[PDB]
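Reviewing the structure listed below.
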Amino acid sequence: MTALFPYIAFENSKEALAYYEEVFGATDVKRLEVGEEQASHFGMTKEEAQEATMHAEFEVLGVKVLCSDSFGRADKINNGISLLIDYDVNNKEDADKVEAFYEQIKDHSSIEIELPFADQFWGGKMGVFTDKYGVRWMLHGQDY
Amino acid sequence: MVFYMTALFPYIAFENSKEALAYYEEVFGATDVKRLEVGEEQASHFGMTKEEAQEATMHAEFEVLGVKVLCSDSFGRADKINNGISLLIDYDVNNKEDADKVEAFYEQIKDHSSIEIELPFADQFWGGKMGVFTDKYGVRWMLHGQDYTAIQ
Ligand SMILES: [Zn+2]
Ligand SMILES: [Zn+2]
Ligand SMILES: [Zn+2]
Ligand SMILES: [Zn+2]
């Protein structure tokens, strides 16, 4: 029923969505552009509107992230609020996906590794990194 | 046999999570508050006094409208909280139990002195409800009611 979603204000969500699709393996990408009619209403050209995003979404590791363009109204993305992806180390399907995702992302030039993804002394796995847009991601594997 | 599904949680870096947790308990009606303080033994390891460690938080959680928020102290390492990443609470307008809780929560929070209303919580032309506000810590919350009845 009730669910929480981060809602990110990107400078350009069109670019950011292509980045997550390529670097993070993001799936189910949906993007609502500023319509040709809406261009005049917002105060932009036909081309500027085609590049702009009203509302968007993408799934990373089966979790949904919502986003929209800043339109010069939002603050720059920082690490004050990080996105933690929690998974059960005893759920093979998810555990393998997290493994594959990290394997594919760990060496990427856009990714800044804060804590390499690894098994922690008291249990589970924990990894921390920041992407080129400044989003801080934390991968948290727990034993339930 | 029993497994949990993958879930996303915001992880907030507060200057003081102890204070912030009391604020959410009081102003937001936050429930299931759990706080792990810096232990007396850990104080020396962290480079702080016994008192400073009792006030400090290593890990914490709280529920608002049945959704979980994680947090920890900044310890001067994290950036100041802004609206680059907002927290959207999504619910069904046609689920009376949840709809009433969202209504009651908003009614209780709208007039508070800590709360800055960006968009009053209201029905939207194309369907559902939407409301937007920022708290004293700079967290931007969005309330979003969805109608799953087709337009046609
Ligand atoms: Zn959509
Ligand atoms: Zn852990
Ligand atoms: Zn806990
Ligand atoms: Zn809506």
Side-chain angles (χ1 to χ4, degrees), chain A residues 1-10 13-14 16-17 20 26-35 38 52-59 63-69 82 84-88 120 122-124 126 138 140-144, chain B residues 4 7-14 17-18 20-21 24-25 30-39 42 56-64 67-73 86-95 98-99 102 106 118-132 141-151:
Chain A
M1 23 72 104
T2 290
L4 192 157
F5 297 97
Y7 189 96
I8 314 188
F10 288 118
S13 304
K14 194 192 174 186
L17 289 161
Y20 292 106
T27 58
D28 303 268
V29 175
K30 291 169 180 69
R31 188 199 155 228
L32 177 68
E33 59 275 88
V34 171
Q38 288 174 315
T53 303
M54 300 245 80
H55 163 71
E57 52 197 80
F58 65 91
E59 285 201 342
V63 302
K64 192 130 88 276
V65 174
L66 312 172
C67 66
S68 175
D69 283 3
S82 303
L84 179 148
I85 292 159
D86 192 275
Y87 74 97
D88 190 342
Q120 302 293 294
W122 288 105
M126 186 61 192
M138 306 168 76
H140 191 234
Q142 256 185 302
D143 199 310
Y144 293 106
Chain B
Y4 285 95
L8 193 157
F9 295 97
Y11 191 96
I12 311 186
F14 288 118
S17 304
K18 191 191 170 190
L21 289 161
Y24 292 106
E25 245 176 300
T31 58
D32 305 267
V33 175
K34 291 171 180 68
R35 189 188 155 238
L36 176 69
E37 59 275 89
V38 171
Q42 287 170 325
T57 303
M58 279 174 78
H59 164 73
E61 52 198 79
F62 65 91
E63 278 197 355
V64 284
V67 303
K68 193 193 282 86
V69 174
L70 311 172
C71 66
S72 172
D73 283 3
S86 304
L87 305 185
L88 178 149
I89 300 163
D90 187 64
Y91 75 97
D92 196 323
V93 293
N94 299 299
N95 175 346
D98 289 359
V102 179
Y106 183 70
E118 175 171 335
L119 175 79
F121 182 54
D123 297 289
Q124 301 294 297
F125 189 71
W126 288 104
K129 302 192 78 144
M130 180 61 93
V132 185
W141 302 82
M142 313 169 75
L143 299 170
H144 177 245
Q146 254 182 297
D147 200 311
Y148 297 101
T149 307
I151 288 295

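To find a chain, count down the sequence lines: A is the first, B the second, and so on, and within it residues start at 1. Heavy-atom basis, side chains included; hydrogens, waters and symmetry copies ignored. Every number for a ligand or one of its atoms is a count from 1 in the order of the listing.
Protein N/O/S atoms closer than 2.8 Å to the Zn ion (ligand 4): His144(B) NE2.
Considering only residues two or more places apart in sequence or on other chains, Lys14(A) meets the salt bridge (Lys or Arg N to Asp or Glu O under 4.0 Å) condition with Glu51(A). Take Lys64(A) and apply the salt bridge (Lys or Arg N to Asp or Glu O under 4.0 Å) test, not counting sequence neighbours, and it matches no residue.
Going from atom CG of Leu87(B) over to atom CH2 of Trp141(B) covers 5.0 Å, rounded to the nearest 0.5 Å. Atom CE of residue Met142(B) and atom CZ of residue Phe5(A) lie 12.5 Å apart, to the nearest 0.5 angstrom.
Within the protein, the number of N, O or S atoms lying under 2.8 Å from the Zn ion (ligand 3) is 2.
Of the N and O atoms on the side chains of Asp92(B) and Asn95(B), not one donor lies less than 3.5 Å from an acceptor on the other residue.
The heavy-atom pair separating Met58(B) from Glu37(B) by the smallest distance is SD-O, 4.1 Å. The nearest pair of heavy atoms linking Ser68(A) to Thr53(A) is OG-O, 3.7 Å.
Relative orientation of the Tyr24(B) and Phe62(B) rings is parallel, given thresholds of 30° and 60° on the angle between their planes.
Using modelled atom types, no side-chain atom of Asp147(B) and backbone atom of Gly128(B) make a donor-acceptor pair closer than 3.5 Å.
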